[PDB]
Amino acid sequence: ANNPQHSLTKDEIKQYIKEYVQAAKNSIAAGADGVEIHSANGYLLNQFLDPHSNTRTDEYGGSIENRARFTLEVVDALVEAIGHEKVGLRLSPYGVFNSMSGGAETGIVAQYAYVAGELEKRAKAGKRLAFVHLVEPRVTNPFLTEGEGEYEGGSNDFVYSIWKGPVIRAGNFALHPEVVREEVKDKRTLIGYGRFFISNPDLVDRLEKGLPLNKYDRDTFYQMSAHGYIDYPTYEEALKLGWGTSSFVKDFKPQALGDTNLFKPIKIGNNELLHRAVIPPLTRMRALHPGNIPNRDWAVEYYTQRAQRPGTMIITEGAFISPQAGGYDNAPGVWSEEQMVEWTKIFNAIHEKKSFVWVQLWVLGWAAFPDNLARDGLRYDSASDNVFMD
(Lines of atoms letter the chains of each structure in order from A and count residues from 1; the text may use other names and numbers.)
(Lines give C-alpha, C1' and ligand atoms only; values in the text may rest on other atoms or scores of the structure.)
Protein backbone atom coordinates (compact mmCIF):
# COMPACT_ATOMS: atom_id res chain seq x y z
CA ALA A 1 0.00 0.00 0.00
CA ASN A 2 1.10 3.57 -0.73
CA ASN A 3 -0.02 4.61 2.76
CA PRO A 4 -0.09 1.42 4.87
CA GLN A 5 -2.16 1.36 8.05
CA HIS A 6 0.02 2.46 10.96
CA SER A 7 -0.22 1.39 14.60
CA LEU A 8 0.06 4.50 16.78
CA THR A 9 3.07 4.92 19.04
CA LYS A 10 2.57 6.22 22.58
CA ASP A 11 4.05 9.58 21.55
CA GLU A 12 1.58 9.81 18.66
CA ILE A 13 -1.28 9.08 21.05
CA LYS A 14 -0.01 11.90 23.28
CA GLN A 15 0.04 14.20 20.25
CA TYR A 16 -3.60 13.40 19.50
CA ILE A 17 -4.45 14.20 23.12
CA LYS A 18 -2.65 17.55 22.78
CA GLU A 19 -4.73 18.23 19.68
CA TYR A 20 -8.00 17.31 21.43
CA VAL A 21 -7.12 19.80 24.17
CA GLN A 22 -6.33 22.59 21.71
CA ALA A 23 -9.44 21.85 19.63
CA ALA A 24 -11.59 22.02 22.76
CA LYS A 25 -10.02 25.35 23.75
CA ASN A 26 -10.57 26.68 20.22
CA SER A 27 -14.23 25.64 20.32
CA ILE A 28 -14.93 27.31 23.66
CA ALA A 29 -13.05 30.47 22.66
CA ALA A 30 -15.22 30.74 19.53
CA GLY A 31 -18.36 30.55 21.66
CA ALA A 32 -19.26 26.85 21.92
CA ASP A 33 -21.15 25.74 25.03
CA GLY A 34 -19.12 22.53 25.25
CA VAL A 35 -17.56 19.66 23.33
CA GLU A 36 -18.50 16.03 22.73
CA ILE A 37 -15.73 13.46 22.48
CA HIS A 38 -16.53 11.12 19.59
CA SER A 39 -15.69 7.64 20.88
CA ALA A 40 -18.38 5.90 18.82
CA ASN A 41 -19.28 4.62 15.34
CA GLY A 42 -15.98 2.90 14.63
CA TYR A 43 -13.71 5.94 14.51
CA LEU A 44 -10.27 6.11 16.18
CA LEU A 45 -11.22 6.05 19.87
CA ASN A 46 -13.78 3.30 19.18
CA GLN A 47 -11.03 1.41 17.31
CA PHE A 48 -9.07 1.37 20.57
CA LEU A 49 -12.10 0.31 22.66
CA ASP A 50 -12.99 -2.61 20.40
CA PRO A 51 -11.15 -5.94 20.69
CA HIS A 52 -11.59 -6.65 16.96
CA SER A 53 -9.67 -3.54 15.90
CA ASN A 54 -7.30 -3.34 18.87
CA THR A 55 -4.75 -6.16 19.05
CA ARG A 56 -2.10 -4.09 20.85
CA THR A 57 0.17 -5.69 23.43
CA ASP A 58 1.21 -2.46 25.14
CA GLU A 59 -0.68 -0.49 27.79
CA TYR A 60 -3.31 0.54 25.22
CA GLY A 61 -4.57 -2.95 24.40
CA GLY A 62 -4.95 -6.53 25.55
CA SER A 63 -7.52 -6.02 28.30
CA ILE A 64 -10.72 -4.11 29.03
CA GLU A 65 -8.77 -1.62 31.14
CA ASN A 66 -6.09 -1.10 28.51
CA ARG A 67 -8.52 -0.72 25.60
CA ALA A 68 -10.35 2.03 27.52
CA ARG A 69 -7.14 3.95 28.26
CA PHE A 70 -7.03 6.29 25.24
CA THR A 71 -10.69 7.31 25.59
CA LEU A 72 -10.33 7.97 29.31
CA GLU A 73 -7.10 9.92 28.76
CA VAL A 74 -8.92 12.21 26.32
CA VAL A 75 -11.77 12.62 28.81
CA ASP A 76 -9.35 13.52 31.59
CA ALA A 77 -7.34 15.93 29.45
CA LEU A 78 -10.45 17.80 28.31
CA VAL A 79 -12.00 17.94 31.78
CA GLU A 80 -8.75 19.44 33.08
CA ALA A 81 -8.48 21.89 30.18
CA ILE A 82 -12.01 23.31 29.93
CA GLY A 83 -14.02 21.93 32.87
CA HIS A 84 -16.16 18.84 33.39
CA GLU A 85 -19.46 20.59 32.66
CA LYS A 86 -18.22 21.45 29.16
CA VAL A 87 -17.39 17.85 28.20
CA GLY A 88 -19.58 14.98 27.00
CA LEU A 89 -18.76 11.54 25.58
CA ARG A 90 -20.39 9.54 22.77
CA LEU A 91 -20.39 5.72 22.72
CA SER A 92 -22.06 3.06 20.56
CA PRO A 93 -21.78 -0.25 22.46
CA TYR A 94 -23.65 -2.34 19.88
CA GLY A 95 -22.51 -0.56 16.73
CA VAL A 96 -21.08 -2.54 13.84
CA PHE A 97 -20.52 0.40 11.48
CA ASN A 98 -16.87 0.82 10.43
CA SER A 99 -16.13 -2.82 11.30
CA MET A 100 -16.77 -2.70 15.03
CA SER A 101 -17.73 -5.85 16.94
CA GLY A 102 -21.21 -5.18 18.23
CA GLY A 103 -23.11 -7.78 20.23
CA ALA A 104 -21.40 -10.73 18.52
CA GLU A 105 -18.47 -9.95 20.81
CA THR A 106 -19.49 -11.51 24.14
CA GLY A 107 -17.20 -9.15 26.04
CA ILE A 108 -18.62 -5.98 24.53
CA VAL A 109 -20.96 -5.06 27.40
CA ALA A 110 -18.13 -5.48 29.91
CA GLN A 111 -15.93 -3.16 27.84
CA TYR A 112 -18.53 -0.40 27.91
CA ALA A 113 -19.59 -1.09 31.48
CA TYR A 114 -15.97 -0.47 32.47
CA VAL A 115 -15.94 2.91 30.74
CA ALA A 116 -19.22 3.91 32.40
CA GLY A 117 -17.83 2.83 35.77
CA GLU A 118 -14.73 4.94 35.35
CA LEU A 119 -16.87 7.93 34.40
CA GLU A 120 -18.98 7.47 37.53
CA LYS A 121 -15.83 7.20 39.64
CA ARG A 122 -14.71 10.56 38.23
CA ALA A 123 -18.19 11.92 38.93
CA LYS A 124 -17.86 10.97 42.60
CA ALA A 125 -14.63 12.99 42.64
CA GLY A 126 -16.54 16.05 41.44
CA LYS A 127 -15.73 15.79 37.75
CA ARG A 128 -19.01 14.47 36.32
CA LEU A 129 -19.24 14.79 32.54
CA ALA A 130 -22.12 16.90 31.24
CA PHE A 131 -23.62 13.79 29.62
CA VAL A 132 -23.05 10.38 28.11
CA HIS A 133 -24.48 10.07 24.59
CA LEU A 134 -25.39 6.55 23.50
CA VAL A 135 -26.25 5.23 20.08
CA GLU A 136 -28.93 2.59 20.63
CA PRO A 137 -28.87 -1.00 19.32
CA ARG A 138 -31.94 0.23 17.42
CA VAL A 139 -29.41 1.50 14.86
CA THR A 140 -26.20 -0.51 14.63
CA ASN A 141 -25.39 1.11 11.26
CA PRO A 142 -26.79 4.57 10.41
CA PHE A 143 -26.61 3.98 6.70
CA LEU A 144 -29.21 1.24 6.94
CA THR A 145 -32.85 2.34 6.68
CA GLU A 146 -34.84 2.69 9.92
CA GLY A 147 -35.79 -0.74 11.22
CA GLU A 148 -32.84 -2.47 9.55
CA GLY A 149 -29.74 -3.40 11.52
CA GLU A 150 -31.83 -3.39 14.69
CA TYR A 151 -30.02 -5.61 17.19
CA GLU A 152 -32.50 -7.42 19.43
CA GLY A 153 -29.97 -9.21 21.61
CA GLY A 154 -28.78 -6.29 23.72
CA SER A 155 -29.87 -3.18 25.57
CA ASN A 156 -28.06 -0.03 26.70
CA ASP A 157 -29.97 -0.19 29.98
CA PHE A 158 -26.85 -1.45 31.78
CA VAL A 159 -25.38 2.05 31.50
CA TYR A 160 -28.07 3.40 33.84
CA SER A 161 -27.04 1.01 36.63
CA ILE A 162 -23.54 2.46 36.49
CA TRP A 163 -23.53 6.06 35.24
CA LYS A 164 -25.85 8.31 37.22
CA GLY A 165 -25.76 11.45 35.06
CA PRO A 166 -27.70 12.61 32.00
CA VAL A 167 -27.97 10.14 29.12
CA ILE A 168 -28.78 11.09 25.53
CA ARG A 169 -30.12 8.17 23.47
CA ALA A 170 -30.19 8.18 19.67
CA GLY A 171 -31.46 5.79 17.02
CA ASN A 172 -34.72 5.45 15.09
CA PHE A 173 -36.79 7.45 17.57
CA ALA A 174 -38.57 9.86 15.19
CA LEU A 175 -40.74 7.12 13.70
CA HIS A 176 -41.39 5.63 17.13
CA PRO A 177 -43.00 8.09 19.55
CA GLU A 178 -44.40 5.07 21.43
CA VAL A 179 -40.84 4.07 22.36
CA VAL A 180 -39.83 7.63 23.25
CA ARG A 181 -42.89 8.02 25.49
CA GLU A 182 -41.64 5.11 27.58
CA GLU A 183 -37.95 5.99 27.58
CA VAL A 184 -38.40 9.61 28.70
CA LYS A 185 -40.24 8.43 31.81
CA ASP A 186 -36.69 8.22 33.11
CA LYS A 187 -36.05 11.76 34.31
CA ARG A 188 -32.42 11.99 33.14
CA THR A 189 -32.97 10.74 29.58
CA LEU A 190 -32.79 12.89 26.46
CA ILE A 191 -33.52 11.76 22.91
CA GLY A 192 -31.36 12.46 19.88
CA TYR A 193 -33.12 12.71 16.52
CA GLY A 194 -30.74 12.51 13.56
CA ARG A 195 -32.03 11.77 10.08
CA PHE A 196 -35.40 13.41 10.65
CA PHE A 197 -33.75 16.58 11.92
CA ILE A 198 -31.98 16.70 8.56
CA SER A 199 -35.39 16.87 6.85
CA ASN A 200 -37.44 18.69 9.51
CA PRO A 201 -35.93 21.97 10.73
CA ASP A 202 -38.98 22.38 12.98
CA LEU A 203 -38.83 18.79 14.25
CA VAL A 204 -39.36 19.85 17.87
CA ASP A 205 -42.69 21.54 17.05
CA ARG A 206 -43.76 18.47 15.10
CA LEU A 207 -42.88 16.16 18.00
CA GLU A 208 -44.79 18.33 20.48
CA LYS A 209 -47.99 18.47 18.45
CA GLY A 210 -47.84 15.13 16.64
CA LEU A 211 -47.48 16.51 13.12
CA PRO A 212 -46.50 14.63 9.94
CA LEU A 213 -42.78 14.41 9.15
CA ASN A 214 -40.96 15.49 5.99
CA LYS A 215 -39.34 12.58 4.18
CA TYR A 216 -35.55 12.80 3.99
CA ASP A 217 -33.43 12.51 0.84
CA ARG A 218 -30.43 10.20 1.38
CA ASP A 219 -28.70 11.34 -1.79
CA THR A 220 -28.22 14.84 -0.39
CA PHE A 221 -27.00 13.78 3.06
CA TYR A 222 -23.43 14.14 1.78
CA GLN A 223 -23.27 16.59 -1.12
CA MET A 224 -21.84 20.04 -1.76
CA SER A 225 -25.25 21.64 -2.19
CA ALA A 226 -27.82 23.89 -0.55
CA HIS A 227 -30.37 21.43 -1.93
CA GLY A 228 -31.20 18.85 0.72
CA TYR A 229 -29.48 21.08 3.28
CA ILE A 230 -31.34 24.37 3.72
CA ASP A 231 -34.45 23.84 1.55
CA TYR A 232 -36.48 21.45 3.71
CA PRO A 233 -39.65 23.32 4.79
CA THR A 234 -41.23 23.83 8.19
CA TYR A 235 -44.71 22.34 8.52
CA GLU A 236 -46.49 25.64 7.78
CA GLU A 237 -44.14 26.24 4.84
CA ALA A 238 -44.87 22.75 3.50
CA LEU A 239 -48.63 23.34 3.59
CA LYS A 240 -48.19 26.64 1.75
CA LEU A 241 -46.15 24.81 -0.89
CA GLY A 242 -49.14 22.52 -1.32
CA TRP A 243 -47.55 19.48 0.32
CA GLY A 244 -49.99 16.68 1.08
CA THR A 245 -49.81 13.16 2.52
CA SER A 246 -47.46 12.21 -0.33
CA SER A 247 -44.71 14.63 0.71
CA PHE A 248 -44.75 13.40 4.30
CA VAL A 249 -43.62 10.00 5.60
CA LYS A 250 -46.14 7.38 4.49
CA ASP A 251 -48.15 5.42 7.07
CA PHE A 252 -46.44 7.20 9.95
CA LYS A 253 -48.88 7.71 12.82
CA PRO A 254 -47.61 10.69 14.86
CA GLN A 255 -48.15 11.17 18.58
CA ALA A 256 -48.16 14.49 20.39
CA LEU A 257 -45.31 14.15 22.89
CA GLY A 258 -45.90 17.52 24.54
CA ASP A 259 -47.34 15.84 27.64
CA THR A 260 -44.15 13.88 28.34
CA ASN A 261 -40.78 14.62 29.94
CA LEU A 262 -39.47 15.29 26.42
CA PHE A 263 -40.90 18.77 26.95
CA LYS A 264 -39.67 19.34 30.49
CA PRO A 265 -36.61 21.58 30.91
CA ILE A 266 -33.30 20.06 32.00
CA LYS A 267 -29.82 21.39 32.74
CA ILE A 268 -27.03 19.94 30.61
CA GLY A 269 -23.60 21.30 31.39
CA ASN A 270 -24.03 25.04 31.80
CA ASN A 271 -27.17 25.20 29.65
CA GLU A 272 -30.82 25.21 30.62
CA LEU A 273 -32.48 23.18 27.86
CA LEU A 274 -36.18 23.89 27.42
CA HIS A 275 -36.91 20.42 26.03
CA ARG A 276 -35.05 17.13 25.64
CA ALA A 277 -35.03 16.63 21.88
CA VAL A 278 -31.36 16.85 20.92
CA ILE A 279 -29.78 17.25 17.51
CA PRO A 280 -27.08 14.56 17.42
CA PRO A 281 -23.90 15.09 15.38
CA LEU A 282 -24.62 14.82 11.64
CA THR A 283 -21.81 15.00 9.09
CA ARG A 284 -23.09 16.82 5.99
CA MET A 285 -19.92 17.32 3.90
CA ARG A 286 -20.50 20.98 3.00
CA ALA A 287 -17.11 22.08 4.36
CA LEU A 288 -14.71 23.68 1.88
CA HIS A 289 -11.65 22.03 0.38
CA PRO A 290 -8.87 22.92 0.76
CA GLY A 291 -8.83 23.85 4.43
CA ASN A 292 -11.77 21.88 5.85
CA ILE A 293 -13.58 25.19 6.33
CA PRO A 294 -17.20 25.37 7.51
CA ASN A 295 -19.38 26.40 4.57
CA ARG A 296 -19.59 30.18 4.16
CA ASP A 297 -22.72 30.11 2.01
CA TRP A 298 -25.17 27.75 3.70
CA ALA A 299 -23.96 26.46 7.08
CA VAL A 300 -25.13 29.40 9.21
CA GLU A 301 -28.61 29.07 7.70
CA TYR A 302 -28.65 25.28 8.20
CA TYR A 303 -27.90 25.58 11.90
CA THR A 304 -30.15 28.64 12.34
CA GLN A 305 -33.12 26.73 10.92
CA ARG A 306 -32.53 23.82 13.27
CA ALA A 307 -32.01 26.10 16.29
CA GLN A 308 -35.45 27.68 15.80
CA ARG A 309 -37.08 26.09 18.85
CA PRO A 310 -35.72 28.02 21.85
CA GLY A 311 -33.58 26.00 24.26
CA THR A 312 -32.56 23.25 21.82
CA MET A 313 -29.28 21.43 22.38
CA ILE A 314 -27.37 21.05 19.11
CA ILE A 315 -24.32 18.85 18.69
CA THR A 316 -22.35 19.79 15.56
CA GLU A 317 -21.28 17.53 12.76
CA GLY A 318 -18.00 15.80 13.58
CA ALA A 319 -15.11 18.27 13.44
CA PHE A 320 -11.48 17.22 12.93
CA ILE A 321 -9.06 18.20 15.70
CA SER A 322 -6.09 18.38 13.29
CA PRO A 323 -5.11 17.52 9.70
CA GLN A 324 -3.77 14.14 10.89
CA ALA A 325 -7.16 13.42 12.52
CA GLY A 326 -8.98 13.94 9.22
CA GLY A 327 -9.13 12.43 5.76
CA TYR A 328 -12.51 13.60 4.45
CA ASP A 329 -12.01 16.69 2.29
CA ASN A 330 -15.44 18.18 2.97
CA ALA A 331 -15.79 17.66 6.71
CA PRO A 332 -14.87 20.69 8.86
CA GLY A 333 -12.00 21.11 11.30
CA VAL A 334 -11.46 23.12 14.48
CA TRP A 335 -7.67 23.57 14.39
CA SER A 336 -7.21 26.72 12.28
CA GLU A 337 -8.11 30.40 12.52
CA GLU A 338 -9.94 30.36 9.18
CA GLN A 339 -12.10 27.49 10.44
CA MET A 340 -12.87 29.18 13.75
CA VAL A 341 -13.92 32.44 12.07
CA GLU A 342 -16.74 30.51 10.40
CA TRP A 343 -17.63 28.43 13.46
CA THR A 344 -17.98 31.65 15.46
CA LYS A 345 -20.71 32.82 13.06
CA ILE A 346 -22.50 29.48 13.37
CA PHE A 347 -22.39 29.60 17.18
CA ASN A 348 -23.58 33.23 17.06
CA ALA A 349 -26.63 32.23 15.04
CA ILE A 350 -27.58 29.33 17.29
CA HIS A 351 -27.29 31.55 20.37
CA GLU A 352 -29.42 34.26 18.73
CA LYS A 353 -32.17 31.64 18.60
CA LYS A 354 -31.66 30.99 22.33
CA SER A 355 -30.33 27.49 21.68
CA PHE A 356 -27.05 25.77 22.53
CA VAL A 357 -24.16 24.24 20.64
CA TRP A 358 -21.67 21.48 21.42
CA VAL A 359 -18.79 20.73 19.04
CA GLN A 360 -18.16 17.05 18.35
CA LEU A 361 -14.41 16.40 18.27
CA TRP A 362 -13.60 13.82 15.60
CA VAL A 363 -10.61 11.61 14.80
CA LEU A 364 -11.01 9.11 11.95
CA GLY A 365 -8.44 6.36 12.38
CA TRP A 366 -8.96 3.52 9.90
CA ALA A 367 -12.15 5.06 8.50
CA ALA A 368 -10.12 7.80 6.78
CA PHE A 369 -9.32 7.76 3.07
CA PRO A 370 -5.62 6.81 2.98
CA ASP A 371 -5.23 8.43 -0.46
CA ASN A 372 -6.29 11.85 0.87
CA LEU A 373 -3.90 11.49 3.79
CA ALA A 374 -1.06 10.43 1.48
CA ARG A 375 -1.69 13.43 -0.77
CA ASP A 376 -1.30 15.65 2.30
CA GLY A 377 1.77 13.84 3.64
CA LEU A 378 -0.09 12.32 6.58
CA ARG A 379 -0.22 8.86 8.15
CA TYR A 380 -3.10 6.40 7.92
CA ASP A 381 -3.65 5.69 11.61
CA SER A 382 -5.25 3.04 13.80
CA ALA A 383 -4.80 1.02 16.98
CA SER A 384 -3.12 -1.88 15.20
CA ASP A 385 -1.50 -2.57 11.83
CA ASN A 386 -2.59 -6.18 11.30
CA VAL A 387 -6.37 -5.86 11.24
CA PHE A 388 -8.18 -3.70 8.69
CA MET A 389 -11.62 -2.26 8.04
CA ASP A 390 -13.84 -4.65 6.06
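Numbering starts at 1 and follows the sequence shown.
Asks: Mean CA B-factor: is it higher for 370-378 or for 17-25?
Replies: Per the PDB entry, the higher value belongs to 370-378.
Asks: Quick check: 174-182 versus 69-77, which has the larger average CA B-factor in the record?
Replies: Stretch with the higher mean C-alpha B-factor: 174-182.
Asks: Using the entry's values, work out which of 136, 317, 236, 118 has the largest Cα B factor.
Replies: 236 has the highest C-alpha B-factor of those listed.
Asks: So if I compare the CA B-factors in the entry for 293, 249, 132, 110, which one is the largest?
Replies: If I rank 293, 249, 132, 110 by C-alpha B-factor, first place goes to 249.
Asks: Would the CA B-factor of residue 337 place it in the lowest, middle or highest third of its chain?
Replies: Its C-alpha B-factor belongs to the highest third of this chain's values.
Asks: Among the modelled residues of its chain, does the C-alpha B-factor of residue 329 lie in the lowest, middle or highest third?
Replies: Within its chain, residue 329 is a middle-third residue by C-alpha B-factor, going by the deposited values.
Asks: Going by the CA temperature factor in the PDB record, which third of the chain does residue 151 belong to: lowest, middle or highest?
Replies: Middle third.
Asks: Taking only the Cα B-factors deposited for this chain, tell me whether residue 114 sits in the lowest, middle or highest third.
Replies: Within its chain, residue 114 is a lowest-third residue by C-alpha B-factor, going by the deposited values.
Asks: Would you mind checking where the Cα B-factor of residue 348 ranks among the modelled residues of its chain, as the lowest, middle or highest third?
Replies: Within its chain, residue 348 is a highest-third residue by C-alpha B-factor, going by the deposited values.
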